[PDB]
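Each chain gets a letter, A, B and so on, in the order its sequence line appears, and its residues count up from 1.
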Amino acid sequence: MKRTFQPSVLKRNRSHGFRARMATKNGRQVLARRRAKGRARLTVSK
Amino acid sequence: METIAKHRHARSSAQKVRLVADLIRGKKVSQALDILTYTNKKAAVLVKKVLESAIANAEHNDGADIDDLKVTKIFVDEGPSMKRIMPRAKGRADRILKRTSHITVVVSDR
Amino acid sequence: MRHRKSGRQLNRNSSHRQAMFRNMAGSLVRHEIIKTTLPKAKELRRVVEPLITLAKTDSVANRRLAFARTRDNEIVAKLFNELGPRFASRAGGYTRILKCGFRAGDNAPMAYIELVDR
Amino acid sequence: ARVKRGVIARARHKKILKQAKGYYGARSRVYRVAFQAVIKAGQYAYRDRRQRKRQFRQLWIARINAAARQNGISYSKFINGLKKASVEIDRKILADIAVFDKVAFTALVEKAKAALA
Amino acid sequence: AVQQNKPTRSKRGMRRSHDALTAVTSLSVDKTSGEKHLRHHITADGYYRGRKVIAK
RNA sequence: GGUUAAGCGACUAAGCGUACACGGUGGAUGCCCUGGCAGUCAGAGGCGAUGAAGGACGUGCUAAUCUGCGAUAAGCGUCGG
RNA sequence: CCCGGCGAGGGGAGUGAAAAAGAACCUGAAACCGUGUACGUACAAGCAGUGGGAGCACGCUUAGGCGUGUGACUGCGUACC
RNA sequence: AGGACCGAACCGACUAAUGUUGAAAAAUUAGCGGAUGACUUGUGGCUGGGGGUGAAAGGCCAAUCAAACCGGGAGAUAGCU
RNA sequence: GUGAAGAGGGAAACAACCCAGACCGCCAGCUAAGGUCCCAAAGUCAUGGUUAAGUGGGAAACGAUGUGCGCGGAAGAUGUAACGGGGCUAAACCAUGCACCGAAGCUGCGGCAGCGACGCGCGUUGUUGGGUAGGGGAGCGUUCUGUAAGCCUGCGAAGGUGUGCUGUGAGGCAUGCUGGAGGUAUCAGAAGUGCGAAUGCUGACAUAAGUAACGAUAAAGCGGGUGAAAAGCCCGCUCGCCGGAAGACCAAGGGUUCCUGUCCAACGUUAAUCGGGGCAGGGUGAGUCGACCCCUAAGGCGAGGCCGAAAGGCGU
Ligand SMILES: [Mg+2]
Ligand SMILES: [Mg+2]
Ligand SMILES: [Mg+2]
Ligand SMILES: [Mg+2]
Ligand SMILES: [Mg+2]
Ligand SMILES: [Mg+2]
Ligand SMILES: [Mg+2]
Ligand SMILES: [Mg+2]
Ligand SMILES: [Mg+2]
Ligand SMILES: [Mg+2]
Ligand SMILES: [Mg+2]
Ligand SMILES: [Mg+2]
Ligand SMILES: [Mg+2]
Ligand SMILES: [Mg+2]
Ligand SMILES: [Mg+2]
Ligand SMILES: [Mg+2]
Ligand SMILES: [Mg+2]
Ligand SMILES: [Mg+2]
Ligand SMILES: [Mg+2]
Ligand SMILES: [Mg+2]
Ligand SMILES: [Mg+2]
Ligand SMILES: [Mg+2]
Ligand SMILES: [Mg+2]
Ligand SMILES: [Mg+2]
Ligand SMILES: [Mg+2]
Ligand SMILES: [Mg+2]
Ligand SMILES: [Mg+2]
Ligand SMILES: [Mg+2]
Ligand SMILES: [Mg+2]
Ligand SMILES: [Mg+2]
Ligand SMILES: [Mg+2]
Ligand SMILES: [Mg+2]
Ligand SMILES: [Mg+2]
Ligand SMILES: [Mg+2]
Ligand SMILES: [Mg+2]
Ligand SMILES: [Mg+2]
Ligand SMILES: [Mg+2]
Ligand SMILES: [Mg+2]
Ligand SMILES: [Mg+2]
Ligand SMILES: [Mg+2]
Ligand SMILES: [Mg+2]
Ligand SMILES: [Mg+2]
Ligand SMILES: [Mg+2]
Ligand SMILES: [Mg+2]
Ligand SMILES: [Mg+2]
Ligand SMILES: [Mg+2]
Ligand SMILES: [Mg+2]
Ligand SMILES: [Mg+2]
Ligand SMILES: [Mg+2]
Ligand SMILES: [Mg+2]
Ligand SMILES: [Mg+2]
Ligand SMILES: [Mg+2]
Ligand SMILES: [Mg+2]
Ligand SMILES: [Mg+2]
Ligand SMILES: [Mg+2]
Ligand SMILES: [Mg+2]
Ligand SMILES: [Mg+2]
Ligand SMILES: [Mg+2]
Ligand SMILES: [Mg+2]
Ligand SMILES: [Mg+2]
């Protein structure tokens with residue numbers, strides 16, 4: 001069975017990456033929330 | 001003079017080792033080594049090493065001679081269990097307990 | 001029910017059994033003593049000793065039977081040139097099965113089977 | 001002022017489990033089962049403190065009946081005669097005498113028979 | 001189908017009453033080497049019935 | 001005396017139960033506090049294009065991670081303690 | 001030092017006030033699992049107790065019964081929420 | 001020539017059996033349908049929740065769908081258990 | 001009226017029927033309902049009648065030379081099974097009588113408590129004490145604060161675990177062992193104050209059970225090596241399987257799994273000397289391969305711009 005997660009680094013970075021998050025204010029708020037929570041990994045980037 | 005050997009965290013369930021332990025309880029140690037030699041169990045190898053260690057402890061630390069020694073007390077206690085996850089069908093996970101045991105042999109001459 | 005039936009299945013199908021006993025007969029002929037499980041040794045008697053009896057009479061046809069069996073010219077040559085004459089007078093019982101305890105890996109009853117004149 | 005329940009809970013559980021000594025299986029090991037066992041045991045003990053008197057009176061009457069019929073009178077007539085003779089020995093003592101003094105019980109039987117005659 | 005009641009340690013012991021291993025009745029002693037061995041089995045030093053049957 | 005007959009009859013524990021002794025497992029309990037929680041009195045109420053918050057990578061006699069630091073890299077100068 | 005696989009684990013020795021404080025480490029409860037001992041248990045039917053109760057074992061200190069453990073047999077008795 | 005025929009790759013999923021605490025949260029085995037097309041497939045892109053998409057089944061939209069998931073209102077409300 | 005919210009005795013068993021309302025203790029007595037052959041306590045009781053059907057111990061309409069209450073009618077499916085059983089010719093039925101048994105009822109003895117009356121908290125006395133929802137009263141215990149820079153405590157605290165004593169209870173005290181540094185009277189004060197249930201939550205540990213299973217029925221055998229140990233590791237010889245793949249090379253994806261040495265706790269559904277496991281070391285070399293780069297597609301972003309409460313949407 002084809003499972004739901006079919007990895008693609010390009011698609012991953014484009015849809016969830018740092019620059020994608022910074023592109024919109026809602027993404028920027030995601031980043032602000034993750035910084036407030038103290039996440040070691042802000043995005044899928046690293 | 002009682003002399004003890006323990007094998008703590010023996011990797012075998014206490015129920016499997018107690019079968020072998022029952023064979024030699026109260027036996028003369030030469031007879032016990034004979035019995036363990038021809039018992040076709042893993043627990044036989046484990047218990048035999050414990051018994052030989054006990055006999056050697058008696059001879060060396062306590063000065064006793066092997067001909068007088070009997071397996072005065074033998075018991076197997078449960079040691080800590082290692083907990084493992086063995087997947088089953090349909091995404092259900094089952095826990096595997098990998099049980100260990102503490103083998104204690106007490107040899108004495110009287 | 002298996003009344004009066006003979007031959008051990010040994011948890012193998014027929015082709016595997018036949019191939020395994022061909023191999024094992026070859027090993028027994030070339031080494032003259034092999035260590036195998038007791039049931040396999042007991043069934044191996046019934047495969048090897050007929051080979052030796054066949055080897056008692058040296059002919060082209062007999063050598064071709066001993067080659068159709070065992071499929072090995074090393075083994076056929078040893079049979080007809082050594083074991084045949086070595087056992088020329090002995091009427092059967094060319095092998096000897098010596099029980100030798102238990103296999104460590106799986107507690108199988110092990111046995112040495114050897115040619116009697118080794 | 002947080003209160004940890006450990007010591008007090010251990011004390012109550014230990015108390016019940018001590019009362020449950022001798023019971024089979026979980027009934028002496030397991031507090032849920034032991035507590036039920038101890039309560040039922042107390043219930044039984046209360047009921048039996050009553051039943052003990054009935055059982056012993058029944059036993060005394062049986063022994064008195066046996067001894068009286070050995071002396072030729074049934075318990076009914078024997079007790080009736082002792083009432084008639086104004087003899088107030090009770091069944092416990094009467095049964096003790098029946099077992100241990102056949103002569104004294106024979107005297108009592110004769111006294112009762114005289115009263116009934 | 002599955003139990004309704006936890007079987008007791010008593011019943012577990014009763015079931016296991018037949019699980020005890022039987023020790024080897026007694027060993028044989030080779031007439032030549034003097035080593036003990038299972039009867040009808042070669043000794044650890046390769047003896048059987050007083051014969052060195054396997055070298056080494 | 002012995003035999004026979006009749007009657008009655010303990011001694012067994014494969015295991016199991018109860019009690020006790022000694023253990024194992026487990027990590028409760030008690031005790032503990034470099035952690036928190038709530039405040040009081042003060043302080044400061046911002047940081048950032050002189051590049052922030054937050055990171056990446058690096059940096060040691062250093063293999064790792066943490067702390068510090070930034071190719072001048074567990075630190076450089078100067079003034080004072 | 002010794003057994004052990006140049007193991008694991010253990011027994012000694014030593015340290016220590018204490019290793020039954022040995023790092024799987026303060027105290028170490030209970031479930032659960034054992035070993036030893038006493039008693040019972042293989043003609044016996046059911047909430048497994050309770051009332052009666054023999055026998056046995058054990059500890060006793062007017063030498064007497066007492067205490068403790070067990071519980072043959074027997075009356076009654078269908079858990080808790 | 002052909003939404004032509006038979007038939008592998010490939011796409012599907014009609015039947016039966018097995019499996020159904022599976023080898024597998026949908027498979028395996030034996031058969032079956034399409035197999036130059038309204039085909040199939042890689043990579044990338046777009047459509048976002050009362051919204052999308054739908055050769056239309058209330059189908060599908062991350063094993064979730066007669067209204068996704070996550071956080072919040074929120075300790076909703078519960079004459080009920 | 002009882003149960004609900006009520007135990008006890010009887011009706012075999014049997015909430016609601018009968019008797020009777022449990023304050024506690026007693027190895028005393030008398031009774032109720034109901035009983036008195038044995039199970040099973042008490043009459044194989046007495047007197048006088050009836051029944052022959054096991055009626056008693058299931059039932060009609062109707063029918064019968066039964067007899068001084070009895071018969072047929074009267075068939076069910078696991079087992080007698082429509083007396084509780086054994087059994088009973090009374091141990092059935094009726095009447096009379098006297099006995100006895102029979103309850104946690106009554107009485108006796110000892111104890112506790114509530115309420116009230118009389119007299120000075122005490123006494124005397126009467127009486128009461130089943131209990132759910134619920135109301136009232138009185139306490140126990142836990143943590144913390146004051147008392148308390150007190151008191152106890154290394155001559156052993158808390159905790160744990162036994163034992164004994166003690167109270168109506170919650171409980172309390174003492175003490176052995178363990179433990180090794182805390183505890184805390186008293187009277188007050190405050191509560192995260194008491195658990196067996198919530199298909200409660202978390203951890204631990206059981207059960208089924210040493211059971212099912214060990215994951216493709218392509219398949220192994222033997223010799224040698226190494227090793228503590230080899231079915232599985234290495235070598236060899238056979239053997240079998242794939243071969244439009246189960247071979248080879250990449251992309252994506254992964255990220256050191258690669259190679260060597262070493263180790264075998266854990267991991268590997270077994271063993272393991274072996275390993276994609278632990279540990280250490282090594283290994284990836286580009287002008288030409290690829291990316292980057294140049295160029296664009298779908299699409300994205302988008303100076304200005306247009307639009308929009310704001311956010312923002314579209315777009316040159
Ligand atoms: Mg899965
Ligand atoms: Mg035959
Ligand atoms: Mg097999
Ligand atoms: Mg074939
Ligand atoms: Mg506190
Ligand atoms: Mg206990
Ligand atoms: Mg059920
Ligand atoms: Mg079994
Ligand atoms: Mg026992
Ligand atoms: Mg060591
Ligand atoms: Mg300390
Ligand atoms: Mg400890
Ligand atoms: Mg314990
Ligand atoms: Mg009989
Ligand atoms: Mg008996
Ligand atoms: Mg039974
Ligand atoms: Mg009964
Ligand atoms: Mg076509
Ligand atoms: Mg489809
Ligand atoms: Mg079938
Ligand atoms: Mg198919
Ligand atoms: Mg077609
Ligand atoms: Mg076709
Ligand atoms: Mg529809
Ligand atoms: Mg879905
Ligand atoms: Mg909605
Ligand atoms: Mg609201
Ligand atoms: Mg709620
Ligand atoms: Mg109600
Ligand atoms: Mg009643
Ligand atoms: Mg009754
Ligand atoms: Mg009353
Ligand atoms: Mg009677
Ligand atoms: Mg009848
Ligand atoms: Mg009639
Ligand atoms: Mg008929
Ligand atoms: Mg019948
Ligand atoms: Mg009376
Ligand atoms: Mg009474
Ligand atoms: Mg009364
Ligand atoms: Mg009351
Ligand atoms: Mg305290
Ligand atoms: Mg205080
Ligand atoms: Mg609370
Ligand atoms: Mg409750
Ligand atoms: Mg089974
Ligand atoms: Mg089976
Ligand atoms: Mg099986
Ligand atoms: Mg396999
Ligand atoms: Mg080999
Ligand atoms: Mg293999
Ligand atoms: Mg090979
Ligand atoms: Mg690695
Ligand atoms: Mg490799
Ligand atoms: Mg392994
Ligand atoms: Mg090993
Ligand atoms: Mg590796
Ligand atoms: Mg464009
Ligand atoms: Mg735009
Ligand atoms: Mg603009």
Hey, which sits more toward the 5' end of RNA chain F by its nearest nucleotide, E/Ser10 or B/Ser81?
E/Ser10
Side-chain N or O of B/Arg88 versus OP1/OP2 of H/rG22: is the shortest distance under 4.0 Å?
yes
Any base atoms under 4.0 Å from B/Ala21, or only sugar-phosphate, or nothing? Heavy atoms, all strands.
nothing
D/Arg52 near the nucleic acid: base, sugar-phosphate alone, or nothing, with a heavy-atom cut-off under 4.0 Å?
sugar-phosphate
Suppose we call a contact any N or O donor and acceptor under 3.5 Å apart; does that hold for the side chain of B/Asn57 and the base of G/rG10?
yes
Does one side chain, of B/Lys48 or B/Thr37, offer a donor that lies under 3.5 Å from an acceptor on the other?
yes
Heavy-atom donor-acceptor pair, B/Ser13 side-chain to I/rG210 base, under 3.5 Å:
yes
State the pairing partner of I/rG232; accept Watson-Crick or G-U wobble contacts with both distances under 3.5 Å, and report none otherwise.
none
Could you tell me if I/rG129 and I/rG130 pass the stacking criterion of ring centres under 5.5 Å and planes under 30°?
no
C/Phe80 ring center within less than 6.0 Å of C/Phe67 ring center
no
At less than 4.0 Å, is any side-chain N or O atom of D/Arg91 found next to OP1 or OP2 of I/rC30? Yes or no.
yes
Checking only heavy atoms, does the side chain of B/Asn61 share a donor-acceptor pair with the base of G/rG11 at less than 3.5 Å?
yes
Take atom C1' in I/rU2 and the same atom in I/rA46, then report the distance between them in whole Å.
41 Å
Contact class for D/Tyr23 vs. all strands (heavy atom < 4.0 Å): base, sugar-phosphate, or nothing?
sugar-phosphate
Would I/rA271 and I/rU296 count as a Watson-Crick or G-U wobble pair, both distances under 3.5 angstrom?
no
Indicate, with a heavy-atom threshold strictly under 4.0 Å, whether B/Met86 touches base, sugar-phosphate, or nothing.
nothing
Is there a donor on the side chain of C/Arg30 or the base of I/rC222 sitting less than 3.5 Å from an acceptor on the other?
no
Ionic contact status for C/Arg17 with C/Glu43, cut-off 4.0 Å:
no
Please report the distance, rounded to the nearest Å, between CD in B/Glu52 and P in G/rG11.
17 Å
5' priority, RNA chain F, between D/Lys4 and B/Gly79 [closest heavy atom]
B/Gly79
Nearest to side-chain heavy atoms of D/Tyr44, which nucleotide of F/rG54, I/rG221, G/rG77
G/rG77
Can you find a side-chain donor-acceptor pair between D/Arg32 and D/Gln36 that sits under 3.5 Å?
no
Mark yes or no for a side-chain to base donor-acceptor pair under 3.5 Å between D/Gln43 and G/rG49, with no hydrogen or angle criteria applied.
no
Quick check on I/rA170: is either OP1 or OP2 less than 4.0 Å from any side-chain nitrogen or oxygen of D/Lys15?
yes
Give me the one residue out of B/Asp62, B/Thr72, B/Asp109 that meets side chain to side chain donor-acceptor pair (under 3.5 Å) with B/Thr3.
B/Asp62
Nucleotide forming a Watson-Crick or wobble pair with I/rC115, both distances under 3.5 Å
I/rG126
Suppose we call two aromatic rings close when their centres sit under 6.0 Å apart. Are B/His9 and B/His102 close by that rule?
yes
Any chance I/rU50 and I/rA92 qualify as a Watson-Crick or G-U wobble pair, both distances under 3.5 Å?
yes
With a non-hydrogen cut-off below 4.0 angstrom, is E/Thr8 in contact with a base, only sugar-phosphate, or nothing?
nothing
Rounded to whole Å, how long is the line connecting atom NZ of D/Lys53 with atom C1' of I/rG29?
14 Å
Using OP1 and OP2 only, check whether a side-chain N or O of C/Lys40 sits under 4.0 Å from I/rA220.
no
Within the 4.0 Å heavy-atom criterion, would you say B/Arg25 contacts the bases, only the backbone, or no part of the nucleic acid?
sugar-phosphate
OP1 or OP2 of I/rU44 less than 4.0 angstrom from a side-chain nitrogen or oxygen of D/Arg69, does that happen here?
yes
Given RNA chain I, 5'-ward residue of the pair B/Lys42 and D/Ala62, judged by closest heavy atom:
D/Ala62
Starting at the 5' end of RNA chain I, which residue's closest nucleotide do you reach first, C/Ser15 or B/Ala14?
B/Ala14
Does the structure show D/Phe56 stacking with I/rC27, if we require the centres to be closer than 5.5 Å and the planes to be within less than 30 degrees of parallel?
yes
Could you work out which one of I/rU143, G/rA48, I/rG196 sits closest to the side chain of D/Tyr24?
G/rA48
Establish whether the base of I/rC100 is bridged to the side chain of D/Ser76 by a donor-acceptor pair shorter than 3.5 Å.
no
What's D/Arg5 touching, base or sugar-phosphate or nothing? Going by heavy atoms closer than 4.0 Å.
base
Given the structure, check if the side chain of D/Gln36 and the base of G/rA79 hold any donor-acceptor pair shorter than 3.5 Å.
yes
Any base atoms under 4.0 Å from D/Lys40, or only sugar-phosphate, or nothing? Heavy atoms, all strands.
sugar-phosphate
Describe the nucleic acid contact of B/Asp62 in one word from base, sugar-phosphate, nothing, applying a heavy-atom distance below 4.0 Å.
nothing
Report which part of the nucleic acid D/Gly22 touches: base, sugar-phosphate, or nothing (heavy-atom distance under 4.0 Å, all strands).
sugar-phosphate
Are both defining distances between I/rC249 and I/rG254 under 3.5 Å, such that they form a Watson-Crick or G-U wobble pair?
no
Base, sugar-phosphate, or nothing: which does D/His13 touch, judged by heavy atoms less than 4.0 Å apart?
sugar-phosphate
What about D/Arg54: does its side chain form a donor-acceptor pair under 3.5 Å with the base of I/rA104?
yes
Sugar-phosphate, base or nothing in reach of B/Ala89, heavy atoms under 4.0 Å
base
Residue C/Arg12, side-chain atoms from C-beta onward, closest of I/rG221, G/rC2, F/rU25:
I/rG221
For B/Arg99, answer base if it contacts any base atom (sugar-phosphate contacts may also be present), sugar-phosphate if it contacts only those atoms, and nothing otherwise; contact means non-hydrogen atoms under 4.0 Å.
base
Among the nucleotides I/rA209, I/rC24, I/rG253, which one has an atom lying closest to any side-chain atom of A/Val9?
I/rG253
Heavy atoms only, 4.0 Å cut-off, all strands: where does D/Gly25 land among base, sugar-phosphate and nothing?
sugar-phosphate
I/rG97 P sits how many Å from D/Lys77 NZ, rounded?
17 Å
Looking at the base of F/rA28, is there any donor atom on it, or on the side chain of D/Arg10, that sits under 3.5 Å from an acceptor on the other one?
yes
Quick test of your reading: by the Watson-Crick or G-U wobble rule with a 3.5 Å threshold, is I/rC222 paired to I/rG236?
yes
Do I/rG68 and I/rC122 pair up in this structure? I mean Watson-Crick (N1 to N3 plus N6-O4 or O6-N4) or G-U wobble, both distances under 3.5 Å.
no
Are I/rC140 and I/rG176 a pair by Watson-Crick or G-U wobble criteria, both distances short of 3.5 Å?
no
Suppose we call a contact any N or O donor and acceptor under 3.5 Å apart; does that hold for the side chain of D/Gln55 and the base of G/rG75?
yes
